[PDB]
Amino acid sequence: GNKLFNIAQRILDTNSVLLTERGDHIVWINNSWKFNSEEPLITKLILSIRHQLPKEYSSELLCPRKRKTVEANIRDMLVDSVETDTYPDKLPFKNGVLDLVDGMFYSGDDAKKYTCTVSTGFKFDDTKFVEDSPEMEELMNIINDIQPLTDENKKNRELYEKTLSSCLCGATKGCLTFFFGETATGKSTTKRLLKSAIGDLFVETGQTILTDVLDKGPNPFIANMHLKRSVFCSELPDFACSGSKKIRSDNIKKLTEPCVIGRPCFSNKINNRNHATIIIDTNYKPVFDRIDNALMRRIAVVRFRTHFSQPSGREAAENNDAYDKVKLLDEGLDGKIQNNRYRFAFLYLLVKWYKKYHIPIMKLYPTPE
Amino acid sequence: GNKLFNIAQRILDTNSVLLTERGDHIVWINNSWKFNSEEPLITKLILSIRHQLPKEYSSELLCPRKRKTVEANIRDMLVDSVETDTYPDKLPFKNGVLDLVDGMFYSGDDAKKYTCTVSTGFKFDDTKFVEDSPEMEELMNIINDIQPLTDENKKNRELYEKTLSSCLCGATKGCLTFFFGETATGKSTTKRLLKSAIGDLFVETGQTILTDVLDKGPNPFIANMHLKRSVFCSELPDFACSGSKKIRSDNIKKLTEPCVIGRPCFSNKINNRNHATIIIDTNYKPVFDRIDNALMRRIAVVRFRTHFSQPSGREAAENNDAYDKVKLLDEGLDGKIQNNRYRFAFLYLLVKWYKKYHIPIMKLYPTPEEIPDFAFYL
Amino acid sequence: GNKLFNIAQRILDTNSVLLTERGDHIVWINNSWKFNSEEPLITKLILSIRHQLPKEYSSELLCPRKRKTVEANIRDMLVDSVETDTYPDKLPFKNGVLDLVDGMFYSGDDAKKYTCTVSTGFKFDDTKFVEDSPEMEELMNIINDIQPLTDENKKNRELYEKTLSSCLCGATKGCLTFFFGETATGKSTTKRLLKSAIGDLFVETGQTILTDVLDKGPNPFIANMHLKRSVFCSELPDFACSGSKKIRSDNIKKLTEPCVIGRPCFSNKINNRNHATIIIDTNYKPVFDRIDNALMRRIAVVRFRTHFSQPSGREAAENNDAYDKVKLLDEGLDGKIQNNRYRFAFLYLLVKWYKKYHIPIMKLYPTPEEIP
Amino acid sequence: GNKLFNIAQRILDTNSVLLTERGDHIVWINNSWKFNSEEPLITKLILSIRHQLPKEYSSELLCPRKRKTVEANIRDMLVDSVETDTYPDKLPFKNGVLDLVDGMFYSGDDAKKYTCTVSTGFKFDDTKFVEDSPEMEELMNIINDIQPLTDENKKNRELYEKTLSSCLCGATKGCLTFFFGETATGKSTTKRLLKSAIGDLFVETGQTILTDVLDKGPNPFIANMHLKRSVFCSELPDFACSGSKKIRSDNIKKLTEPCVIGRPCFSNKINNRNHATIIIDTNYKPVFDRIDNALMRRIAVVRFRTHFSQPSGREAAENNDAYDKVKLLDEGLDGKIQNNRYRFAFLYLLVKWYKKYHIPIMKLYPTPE
Amino acid sequence: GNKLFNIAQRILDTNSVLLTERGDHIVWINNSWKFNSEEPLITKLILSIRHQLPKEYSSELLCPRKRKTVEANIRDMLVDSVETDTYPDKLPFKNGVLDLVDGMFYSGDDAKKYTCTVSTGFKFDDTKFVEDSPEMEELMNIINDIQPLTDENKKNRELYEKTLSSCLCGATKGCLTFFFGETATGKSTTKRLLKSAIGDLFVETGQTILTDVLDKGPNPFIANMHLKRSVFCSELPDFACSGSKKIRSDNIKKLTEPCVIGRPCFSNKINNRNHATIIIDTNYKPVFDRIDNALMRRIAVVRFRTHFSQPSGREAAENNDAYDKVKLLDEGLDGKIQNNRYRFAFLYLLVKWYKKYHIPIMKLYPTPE
DNA sequence: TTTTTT
Ligand SMILES: Nc1ncnc2c1ncn2[C@@H]1O[C@H](COP(=O)(O)OP(=O)(O)OP(O)(O)=S)[C@@H](O)[C@H]1O
Ligand SMILES: Nc1ncnc2c1ncn2[C@@H]1O[C@H](COP(=O)(O)OP(=O)(O)OP(O)(O)=S)[C@@H](O)[C@H]1O
Ligand SMILES: Nc1ncnc2c1ncn2[C@@H]1O[C@H](COP(=O)(O)OP(=O)(O)OP(O)(O)=S)[C@@H](O)[C@H]1O
Ligand SMILES: Nc1ncnc2c1ncn2[C@@H]1O[C@H](COP(=O)(O)OP(=O)(O)OP(O)(O)=S)[C@@H](O)[C@H]1O
Ligand SMILES: Nc1ncnc2c1ncn2[C@@H]1O[C@H](COP(=O)(O)OP(=O)(O)O)[C@@H](O)[C@H]1O
Ligand SMILES: [Mg+2]
Ligand SMILES: [Mg+2]
Ligand SMILES: [Mg+2]
Ligand SMILES: [Mg+2]
Ligand SMILES: [Mg+2]
C-alpha cells in the first residue's frame, strides 16, 4: 500500500542502524560501526543494502530524494537506544573482531553482535598470525635479553608478561605498574613494540596526570583517554631534586576507578569509561605526596636491569652496579620496529600470555616491596 | 474540511504530547515520557500512535511529508504549559512507575498521570523483584558483613539504611552525609550496589563543588545534578597536606535548598531543581572553613569498621585500631556487581527500608556528635 | 481579492498582535499577552482566532501553509512600535489583571489596555480569595509566630509588611532590604511563601551581582531580572574570614537605577528594566567595600528573632541571646507550602497591606541605624 | 515584458530605497528613513506604496510571494551607494525633521532630502512646543533649583547649559564632561529629563568603555553608540581605594575621535561614527592612569551643590560644606518625569539654548581647574 | 538545447567575470572591478549586461529565478584563476585608473586591462587636479606650518613626504612609520588629509594587531586591511605603567610579509595581500617586549614640533622644550577638511611627491637614530 | 578558557 516504508521496514530488520546513548546513530558498513554525526551515512547504506532486496524494491533506490524519504522513515522508527562496548574479551580490528578466549577471528556479520566502536586502526593478517617465521625468533631474541629467563629474574618476567598481556582486556584495572630502570635499558623498546602491536588503542601522555589536579576547569588529557586500553606516562622528571613536584596520591586513587571525572574544553559531558592499563615509565625511584595503606594497594614495580651500550663506553658501564648484563646496542632496531616489523609476532605473543594469566579471571595485583 | 487536522485533533485528545515550563515538548512513547532538546520527538509519536487511529486515518501516516503537516498543526494547538515531576514517592522505570507507598507497579495510562521525565534507564522485571532467591541471600550476607547487626552498631546501621532508602524519593533533602572509614571497608562496594540498583538517577560529581564558588562562569558539575536523586562525591583529599583547600561552609548550605544556581556552557538557564541525596565518600575526617549552628544541622556521618584483607596481611590488619572485623576478601564479588546480579534484590531491600522509615514524612536528621570540631563547639 | 489578505486585515483590526520596542511580537491568547523570541507564535493566534471569523474564512485556516501566508501579511502590515508594562499598580495573571487600587479583577478586553507582558503563570480563583478560611487562620498563626505582634517588635513588623507588599508593584524601588537573623528563624519560609504567592514574577539569582562587575562579557545572572518584581540573593557568606570578597557599593548604586546594564549570551541588547524588590537573606551582618552617605541611603534591615527547635535542643536555645522566643518545629509545614496551600491567603494578605502602605505613593525608605 | 519588473522600476524611480556605504538598505516609510538588518523591510515599503500605483499594478502586491520577486529585482537594481547623516543641525523625529537654526518643521519630501537615519522615536507635537504653559513654569523652577541663577554660579550654569544643548547636534565633540556632586544633588534628574527629551538618540552604556580594551572580540557596549547623540555613564567606583581599576587615559583619547573601532556579535563592521556627547556622572573625582597635556585638553567638570532632603535630616545637612543650599524633596517628581510630562518644555529650552551657544560654531572647551 | 546555458556562455566571453586565487568572484560594472562576498555581484552584473545581448536573450533576464540559473552555470564554468593587482603604480578611481609615472587617466575599456580590484570610492574630476589654485595656496600654507622647511628640518620633511607619497603605490612595504609628537602638533590633521585624499583605500584598525596574537579564529580587524594602501593605529597607550602590554615584535615581523593571515566571520578566506603603509600616531616612545637588530631595520620615526595653541595659553608653550613654533590655532579648519575641500589639491601634491622618490624603485628605509 | 560563530 505504501512502499519506501516496506523498504525501510526491511532495512530495519537487519539491525544495520542503531541508536546510541548519546543520541546519535551508528551505521554498520565496510564491516565496521561508524558514527553519523561526522558524515551523513544512513544513506549510502541504503545504496549498499540495495542488492539484498527484491528487484522491484531495488530499482527505487537508484534515485535521491527517495533515499531521503527512506532515511526519514528509518529515523522515525528507532525509539529505544542500545549500549555499546560491553564485551571485554574481544579485540576489534579494522576488518573484524578477534576472540581472545579461542583465538578465532570473526569477519562479516559474525563480528557484529559485539557493538565495538573502537579499533586498532589497521587490518588483520592471518598469514602473519602464525608462530614460526624469520621474524618471531628475532622478536624472541629481542625480548629475552631485556628480561632474561633466569630463575633470579623469574617473578619480574612474570609481572612483565602479565601487564603486557593485560593491555588487551577492555575492562577497568586497578593498578599503577611502574617500569623502573636506568637509561638505555629497553623500556622504550617495549613501549614502541606495544604501540606497533595494539595500534590506535594506545596513548602516550605527559606528567600532568600524576602531579596536577584533575577537575580544576577543563582537562584535555581525560577525554582522549576514553575507551583506550593502554596509557604510557613517560618523560618523568627527577623527584629527589629540590622543590620538585611530587606524585599526587589522590591522582593515583582516582585513576583506578571505573569512571574518571573530568571534562574537555567547551563540553558539558563529565564522565569517562576507564579501560586503560596505566604504565609509568620512570628513571628514578618514585616518591609520593603521602604514603598510606590506600596507596600501597595500587602499585606494582617491574625492574629493568640490562644495559645496551656501544663499544665506546662498554667497560665504563661494565663496572657499574646498577645492571646485571651489558650488551651491544643495535642501530637498525628502532627503524625495523617503526616499520611495523614485529607487529603480528608481538600480537601472537600477547595473546598467548593472555590465555595463560587472565583466562579464568582478569585482575592485577600490587607488589609494595 | 481537513483530514490531517482531524488526525491532529484526535491525537491531541489522547494527551500524548505536552509542553513544559522549560520550553520543551514531551511525548509518551513506550510507557515513558521522553524528550530531546535538539530535535523534537513528535513525529516518532505520530508514527507510533498510528495503530490507535481508524484505518483511513492510519494509512496516511506512512508518508514522512504528512507527518510534518500533522506535527505543525499539533504545535499550533498547544498553547499552555504544565508542571513536571511533582510526585516524590514514585520511582519511574523505562516501562512504568513503581509506587513506594505499597509496592505496586503501574503501566499504561495509570503511569501517565505521574509526569515523570526521568527514569532509571532499564526495564522493571516482576519475576526478580522477590524476597526468595539465592541472590537475595548473598546480598543480605554481603550487607550484614559490611554493616553488622551487633547492638554496639545499631544506630549506625539504622542511619545507613535511612540514607540509602532516601535515594528513591524525588524531593529535597536538607542534609549531607559522609561515608567515613579506612581502606578496604566497603564504601565503593555500597556505591556500586546503589548505582546498579537505581540506574540513571545516580550521578557522580567532582570534588570541585565543595571548595569552589558556584557562580563564576559555567559550572557543568552543578547543572548536571538536575532532578537526580543521588549524588556521590568521591576521593576527598587530606586537608592538612599541601595544595589542599577547605570545605566552604556556604556551599554546604547552598546544596540543601530546593533550587540551586548554576549554568552549563553556552546557556542562559541559571536554576536547577534539587532532588538529590548528597554523599561524600571520604577517608579522612572533613575540615571546614568556619563552624556555626547553621553548619551543625546539615551534616551526618556513617562509619565503616570492617576490613577485607587477603590472607597475607591479615595479622597486620588485626593489629590496627581502626577495624573491628578482618573478614576475608572475596575476589569475584566486584565482577558480579557490574553484571547487575543484585539489581532487583537491592531494589527490594531499598523499598522495604523506605516503607519502614520514610512513609509518614521523608526527612533526614543531623548527627553532630560524630565530628571533632563539632564536638568541641557543641 | 485575496481572502488570505482580508483575513490578515481583519485580524489586524482586533488589535491582537503588536510589535514591541525590543523587536518582539506579542499576541493576545487566552486573556494574556504572550511572546517567544526564538519561535514567533503568531500562527498560534491565527489558529485560535478563527472562531471569530465568518464561515467562509475560518475554513481556510486549517492548512499550515495558508497560516504562513497570513502571518507574512501580518508581518508586513505592522510598522510602528508600542511601549509595554507602563502600569505599576496592576497585577497580571494567566487569565486577567487584578487592580490593586480597589481589588477588582478584570478579564477579557477590559484587562487588555494594560499591555502587561509578564505574569504569575497561574490562574486567579475568586473563591479562594476570601478573607476568612481555615487556611487564612493557619497562615495568620504562622506569620504571627515568625514576626510577633508585640510592642517592641512594631517597627520591624511594619517594615516586614511594607517590603512584602511592595513586592507587588511594577515600578522601581531604591532600597536593598536585608533579612538578617540566626539559624532556624523563618527566612526561607517567608521566601517560599512569597514564591508560592507571586509565581513567575519571582526570581532567585546568584551572589555575583553583589561582588563582581556586571559588564565584563555576558552575564545571564543579571540579565534575567528584566521586568521581575522580586529578586532574591539568599544565603550570603561570611566576610570575617580571609579569602572573602566584600560587597561593592557601586553594585548597590547600580541596582537601584531604573535601567541596569548587562547582556546574556549571544545577545546584542544591553539594557534591562528594573522593577525588582531585592532582598538579601543573610546570616551575618554585611560588610561593605566603602561607606558613605550615598550607600546608607539605599539599605534597610529586617530582623528575625524567633527560634523553631526540636524538643531535644529546646533548652540550649533559651540560653542564647540571639532569640527572643522559642517554638516547636513543624515537620509538615514545608510540604504544605510546596503544595501551594496558602497561595491565595498570602495573596489576599499582601493586597490588604498594599492598600494600607503604598496606595497614595509607592516608596521604600532606608533604616541606617541597624547596620553596625 | 514583465509586470513585477516594471513595478520594481517605478518604485526605484520613486527614490524610496537606498544603499548606504556601511551596507544597509534604508527605506523611506511613514516620513522617516528606517533600517533593520535583523529584519529587512523592503517588503513593508512595497506593501505600503501600492496606493501610488495604477489599479492594475496595486492588486498584484497583495500576495506575499509576489512581493519577494519585486524585492529581489530592487536588490539587483541598486549598484551604487550614498552617504547618510551629513547635516549636523537637523533633529529628526518620527514624523519629520526640525531645523535648529530657524525652528521650522519639515515633513514629506521636505524632510526626505536630509538622509537622517536616526530618530527620537516619538512624534513632534506643535501644540505643546510652546513657551508659555504651566509645564514650562514648573520646569523652570526645577532647573533653577538644581542650578541657581546667582553670580558665583554663573560660569558653572553656562557650562551646564552648553553641555546640555550640545546633545542635539549630530557632529563630533572633543571633550568629555563629568557631572560631579554629592548625594541627592539632581544629576539623575537631569539625566532623566534629557532622556525623556531626546528619546532614542540617548544611550547608556557600562564602565568598560573607560577601564577596559575596546578592541578584543565582540563589544556591543561600544557598537551600540553608533550615530547616537548622547552617551551616559553612571555610578563610578571610588578609585582612591584598593581593588579599583583606574580610568585608562587612552580610552579617553579614542572616544573623542570621529570614528571608534569596535564590532558587535555576528558582524564584520568595525567602525562606528561618533556623534555623541559623553557625560559621566559621579560622586568622586576621577582618577586617571597618567596625567598629560593631551588629557587635560579633553575634560570638563560641572558641579552640583544643591541638596534635597527630607525634613528629618535637613538640620544635619546645613552643617556640610559640600552643599550651598538645601531644598525640600518632592516625592512625586520622579513619577511625573517618567510619564513624559516635561518633554516638549525641556526640548524648547534645549533649542533656545542651542541657538544661543552653538549657532556660529559648535565646540566644547575643557576646564582643567 | 539550453538557452540559459548559451546566455551564460555569452556573458563569459565579455570577460566581465573573473575568479581570483582565494576564490573571489570579481565583476566589471560601472567602469570598475568589484568584489563583495555579501552582496550578490554576479546577479547584479547579469541584469546590468542584458542590453549587450540579442533581444530574444535579453527578455529572459528579467526574472529573478532565471538570473540564478545563469549565475549557477557561470560559477561552474569558472575553473581557472587569474592574478590581479599586479601594477603597483596605478591609482584606481570610481570611473577610471590614473597612471602615476605618466599622468594619463584611462577610463572605460582602457582601464579594464589593469585588474584594479579596489577603488578610492569617488570619481576623478580633472578640473580640480590643477597645479595653481587658491585651495593649493591654503594647503601649501598648512603643510608648511605643520612641518617647516628649515635647514635642520629637511631630513625630516623628506621622510614625511616619502611616507606620505608611498601610500599611493600598491605594493608591499618593509617599514612601520611612527608619527611621534607632542599634543596639538598636527598628526591627526595629516591623517584626516590623507584620508580625504585617498578615500576607500584608507583603513583604520585597532591596536590588537600589535599587542595581541593575530591567529585566533575570526579577526575582521586584520581581514579589513586586504589590498588597502594605508593603515592607521592611532593612540597607543604608555607602556611604563602598572600593568601594560608590549608591541610584541613578532607581530612586527608578521606585519611586513605580503600574506598576513586572518579571516572574517562566516568566510574561509584566510590569506590577505599586504599592500599597506602602517602608520601609528603615538604620543610616547614605543617599547617592545624584546629588542633585536632585525627590528630597527623595519622601523621609521618622523617628528612633529610646531604647536598650534589658543591665545589663552600661548605664553606657556614658548617655554616648553619639545616645541619649535607656537603658531595660532584655527577653528574652522577641521570643518573644511571634513568637507573634502583639499581632496584633489592634496592628491596632486601627493602625486608630485611620488614622482620624485619612488620613480626608480619604491623602497622605504628605516631610521634607527 | 568561554563565547562567538556556525
Ligand atoms: N561482604 C564482602 N565480602 C567479601 N569481600 C567484600 C565484601 N564487600 C566488599 N568486598 C571486597 O573487598 C574489597 C574492598 O574494597 P572497597 O570496599 O571497594 O574499597 P574502599 O572501601 O573504597 O577503600 P578505599 O577506596 O581504598 S578508601 C573489594 O575488593 C570488594 O569487592
Ligand atoms: N510558624 C512556624 N511554626 C512551626 N515551624 C515553623 C514555623 N515557621 C517555620 N517553621 C519551620 O522551622 C524551620 C525553620 O527553618 P527556616 O524557615 O528555613 O529558617 P532559616 O532562617 O531559613 O534557617 P537557616 O538555617 O538560616 S536556612 C523550618 O523547618 C520550617 O519549616
Ligand atoms: N528641583 C527639585 N525639587 C524637588 N525635588 C527634587 C528636585 N530635583 C530633584 N529632586 C528629588 O531629589 C531626589 C534626589 O535627586 P537625585 O536625582 O537622585 O540626585 P542624585 O545626584 O542622583 O544623588 P545620587 O544618585 O544618590 S549620587 C530625588 O527624589 C528627586 O526626585
Ligand atoms: N597649519 C595649521 N593651521 C591652523 N590650524 C591648524 C593647523 N594644523 C592643525 N591645526 C588645528 O590645530 C588643532 C591641532 O589638533 P591636532 O593637530 O589634530 O591634534 P594632535 O596633533 O593630533 O595632538 P593630539 O591628538 O591631541 S596628541 C586642530 O584643531 C587643527 O585643526
Ligand atoms: N634486545 C636488544 N638487542 C639489541 N639492542 C637493543 C635491544 N633492546 C634495545 N636495544 C637498543 O638499545 C637502546 C635502548 O634504549 P631505550 O630502549 O630507549 O632504553 P630507555 O628507554 O631505558 O632509555 C635502543 O636504542 C635500542 O636500539
Ligand atoms: Mg624514551
Ligand atoms: Mg573506594
Ligand atoms: Mg534558608
Ligand atoms: Mg543618581
Ligand atoms: Mg589626535
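- Structure determination for the deposited model, as stated in its record, used cryo-EM, and the stated resolution is 3 Å.

Here's the deal with the interface of chain E and chain D
Moving on, step 1. Taken together, the contact between chain E and chain D spans 35 residues of the former and 33 residues of the latter.
Moving on, step 2. Taken together, the two surfaces of chain E and chain D that pack against each other cover about 3100 Å², and 55% of this comes from carbon and sulfur.
Moving on, step 3. For the pair chain E and chain D, the interface holds one salt bridge.
Moving on, step 4. One salt bridge in this structure joins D76 of chain D and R67 of chain E, with 2.3 Å as the shortest N-O distance.
Moving on, step 5. There are five residue pairs in polar contact connecting chain E and chain D.
Moving on, step 6. Only α2 (41-48), α7 (187-198) and α9 (220-223) of chain E provide two or more residues apiece to the side of chain E that touches chain D.
Moving on, step 7. When residues in the side of chain E that touches chain D are grouped by element, the largest group, three residues, is from α2 of chain E.
Moving on, step 8. When grouped by side-chain class, the residues that make up the side of chain E that touches chain D number twelve nonpolar, twelve polar and eleven charged.

Some points on the site of ligand 1
Moving on, step 1. Of all residues adjacent to ligand 1, which total 18 residues, the nearest are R297 of chain A together with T183, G186, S188 and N283 of chain B.
Moving on, step 2. The residues that come close to ligand 1 belong to more than one chain, namely chains A and B.
Moving on, step 3. For ligand 1, an oxygen atom lies 2.7 Å from a polar atom in the side chain of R297 of chain A.
Moving on, step 4. The separation between an oxygen atom of ligand 1 and a polar main-chain atom of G186 of chain B is 3.0 Å.
Moving on, step 5. For ligand 1, whose accessible area on its own is 650 Å², the fraction buried by protein is 91%.
Moving on, step 6. At the level of secondary structure, the elements contributing two or more residues to the shell around ligand 1 comprise α5 (134-146) and α7 (187-198) of chain B.
Moving on, step 7. Sort the elements by how many residues they give to the shell around ligand 1 and α7 of chain B lands first, with four residues.
Moving on, step 8. The residue makeup of the shell around ligand 1, split by class, is five nonpolar, six polar and seven charged.

Structural notes on the interface of chain C and chain D
Moving on, step 1. Every contact between the two is made by 34 residues of chain C and, on the other side, 38 residues of chain D.
Moving on, step 2. Across the interface of chain C and chain D, roughly 3200 Å² is buried in total on both sides, 52% from carbon and sulfur atoms.
Moving on, step 3. Across the contact surface, chain C and chain D share four salt bridges.
Moving on, step 4. At the boundary of chain C and chain D, one finds eleven residue pairs in polar contact.
Moving on, step 5. Where the side of chain C that touches chain D is concerned, the elements lending two or more residues are α4 (64-77) and α10 (249-254) of chain C.
Moving on, step 6. At six residues, α4 of chain C tops the list of elements feeding residues into the side of chain C that touches chain D.
Moving on, step 7. A per-class count over the side of chain C that touches chain D returns twelve nonpolar, seven polar and 15 charged.

Observations concerning the sheet that holds strand β5 (residues 97-99) of chain E
Strands belonging to one sheet form pairs held by backbone hydrogen bonds; the direction of such a pair is parallel or antiparallel.
All names here are of chain E.
Moving on, step 1. Strand order in the open sheet made by the three strands is β4-β5-β6, with antiparallel pairing throughout. Lying at the two open borders of the sheet, with one neighbouring strand each, are β4 (90-92) and β6 (105-106).
Moving on, step 2. The pairing of β4 with β5 spans three bridges and is classified as antiparallel. Residue pairing in the sheet places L91 in a bridge with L98 of β5.

So, the pairing of strand β7 (residues 178-181) of chain A
Moving on, step 1. Summarising the sheet, β7 of chain A and strand β12 (residues 278-282) of chain A pair through three bridges and their orientation is parallel. Across the sheet, residue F179 of chain A finds its bridge partner in β12 of chain A, namely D281 of chain A.

Focus on the relation of the copies chain E and chain D
Moving on, step 1. Expressed as a screw transformation, the operator carrying chain E onto chain D has a rotation angle of 61° and an axial translation of 1.9 Å, and the superposed copies differ by an RMSD of 1.0 Å. This pairing of chains is accounted for by a six-fold axis. Among all C-alpha atoms of chain E, that of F266 of chain E lies closest to the rotation axis, at 9.0 Å.
Moving on, step 2. When you check the interface residues of chain E against chain D, a mere 3% turn up at the interface there too, and the two sides of the contact use different surfaces.

Here we look at the site of ligand 4
Moving on, step 1. The local shell around ligand 4 holds 19 residues, among which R297 of chain D together with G186, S188, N283 and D334 of chain E are the closest.
Moving on, step 2. One of the backbone N or O atoms of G186 of chain E is found 2.6 Å from an oxygen atom in ligand 4.
Moving on, step 3. A distance of 2.8 Å separates an oxygen atom of ligand 4 from a polar side-chain atom of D334 of chain E.
Moving on, step 4. In isolation ligand 4 has 650 Å² of accessible area, and contact with the protein removes 90% of it.
Moving on, step 5. Looking at the shell around ligand 4, the elements with two or more residues in it are α5 (134-146), α7 and α12 (333-338) of chain E.
Moving on, step 6. The leading source of residues in the shell around ligand 4 is α7 of chain E, at four residues.
Moving on, step 7. A breakdown of the residues in the shell around ligand 4 according to their chemical character gives six nonpolar, six polar and seven charged.

Description of the pattern of salt bridges
Moving on, step 1. Tallied over the full model, the rule gives 96 salt bridges over all chains.
Moving on, step 2. Ionic pairing is found between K3 of chain D and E60 of chain D, a salt bridge with its closest N-O pair at 3.9 Å. Of the two residues, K3 of chain D is situated in helix α1 (residues 3-14) and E60 of chain D in the loop between α3 (55-58) and α4 (64-77); the sequence distance between them amounts to 57 residues.
Moving on, step 3. We classify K3 of chain D as partly exposed; its relative accessible area is 39%.
Moving on, step 4. The structure contains a network of salt bridges with shared partners spanning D215, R248, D250 and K254 of chain E.

Reading the values: the criteria
Residues numbered from 1 in each chain as written, not as in the entry; some residues may be left out. Chains lettered and ligands numbered in written order. Part of a larger assembly, values for the part shown. Heavy atoms only, no water. Contact = heavy atoms within 4.5 Å. Buried area = accessible area lost by both parts, 1.4 Å probe. Salt bridge = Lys/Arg side-chain N within 4 Å of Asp/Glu carboxyl O. Polar contact = N/O pair within 3.5 Å; in protein donor to acceptor, adjacent residues only side chain to side chain. Helix = DSSP H or I, 4+ residues; strand = E, 2+ residues; numbered from the N terminus. Nonpolar A, V, L, I, M, F, W, Y, C, P; charged D, E, K, R; others polar. Near = heavy atom within 4 Å. Areas by Shrake-Rupley, 256 points an atom, 1.4 Å probe, with all protein chains shown as cover. Pairing = 2+ DSSP bridges. Least-squares fit on C-alpha atoms. Buried < 20%, exposed > 50% of the residue type's maximum accessible area, 1.4 Å probe, protein only.

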